[PDB]
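Dropping a structure here in structure tokens format, bear with me for questions.
Read from first to last, the chains carry the letters A, B, C, D and E; within each, the first residue is number 1.
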Amino acid sequence: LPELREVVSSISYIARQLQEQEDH
Amino acid sequence: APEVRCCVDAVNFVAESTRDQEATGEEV
Amino acid sequence: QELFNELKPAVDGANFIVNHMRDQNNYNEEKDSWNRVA
Amino acid sequence: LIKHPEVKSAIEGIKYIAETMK
Amino acid sequence: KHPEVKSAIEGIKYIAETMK
């Protein structure tokens, strides 16, 4: 399931960016 | 099963919106 | 089970994004209220 | 799996985000 | 693999690349 894996990666990246923005 | 259709439409809407903002910002 | 284990990071990320957006919206709404008071 | 509370919360949250930007 | 599902998948990908 490479598509679902890449989607999971994209969602995790978005959440990580938002968490970093929250710390900033 | 409203979940699949409604959230696929929602995800497509955010994607299309993001595309519109990107095009607007390129013209700016 | 294993599918749920693989999708749990995505569900957690989506919930985090939702909470971030909702908090931002409430923050902006309070700012608009202050603008209207002004 | 849709009946899981976290999945439902994420689903309604995506709907909320889309409605907000509309 | 409906067209709309693939479009949504690519939309999430596009959003991630846009923030990158």
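Keep in mind that, in the parts below, contacts are C-beta pairs under 8 Å (C-beta built on N, C-alpha and C of every residue); 3 or more make two chains touch, one makes a residue touch a chain.
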Chain B and chain C, separation of their C-alpha mean positions in angstrom: 18
Intercentroid distance (Cα basis), chain E paired with chain C, Å: 20
Length of the line joining the C-alpha centres of chain A and chain C, rounded to whole Å: 14
Per-residue overlap in chain D, given as positions that touch at least 2 other chains: 14, 17
Numbers and ranges of chain C residues touching at least 2 other chains: 12, 14, 17
Residue list for chain A, restricted to those that touch at least two other chains: 7, 11, 14
Category of the chain touch graph - line, ring, star, complete, other: ring
Cyclic chain order when read starting with chain C and heading to chain D: C, D, B, E, A
Complex contacts: residues of chain A adjacent to chain C: 1, 4-5, 7-8, 11-12, 14-15, 18-19, 22
Chain A-facing residues of chain E, complex: 9, 12-13, 15-16, 19-20
Complex contacts: residues of chain A adjacent to chain E: 3, 6-7, 9-11, 13-14, 17
Residues of chain B defined as touching chain D within the complex: 3, 6-7, 9-11, 13-14, 17
Residues of chain C that touch chain D when the two form their complex: 4, 11-12, 14-15, 17-19, 21-22, 25
